[PDB]
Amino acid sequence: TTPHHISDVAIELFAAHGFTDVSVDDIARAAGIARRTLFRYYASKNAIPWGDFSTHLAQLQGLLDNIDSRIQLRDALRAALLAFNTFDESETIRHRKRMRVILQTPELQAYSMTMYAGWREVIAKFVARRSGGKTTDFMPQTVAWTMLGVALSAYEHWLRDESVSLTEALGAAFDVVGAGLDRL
């Protein structure tokens, strides 16, 4: 009905059963829509767990584009990383199920690589905007990949240990890389 409603119901089904054992009609039925209605919002089954990531990416780009130019690069990246990954008690529970599906499902990895490249494109664009131009240059690209590593490290620590704050995990992972490998 909303994209988000379809995604949420799909993630409940993927959490309970397999990803592989849940069909697109199972999702349509559980969401109370016709199958073709589902395809207006999602072109594929693999797209469904990645709910409205297009919008998340636009918002992250918006935040980074509008961050005051006097704010240092490191501070902007840490600020932006933690802003998009802060959640309420309710939305934290479904995000935990969603990330389990995304990170651990073999069939989602091809599609996920496209989503990660989108995210890295936003980060690299931001660095290119603050430095010399060209998203594909070494330094923007290294910063984007580094940031991706930080995030996935934090997400995995969070999933392994249910007592950890996601934003504390992200902050800690960021700080390793912020400080640098030359310092432990």
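A residue's number is simply how far along the shown sequence it sits, counting from 1.
As listed in the deposited structure, the average C-alpha B-factor of 102 to 110 and of 68 to 76 is greater for 102 to 110. The stretch 3 to 11 shows the higher mean C-alpha B-factor when 175 to 183 is compared against 3 to 11 in the entry. You'll see in the entry that, of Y155, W145, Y116, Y41, the Cα B factor peaks at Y41. Of the candidates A34, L63, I48, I123, the deposited coordinates give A34 the top C-alpha B factor.
Residue-level temperature factors show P140 in the lowest third of its chain, judged at the C-alpha atom. When the modelled residues of the chain are ordered by their C-alpha B factor, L159 lands in the middle third. Placement of the Cα temperature factor of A28 within the chain: highest third of the modelled residues, per the deposited record.
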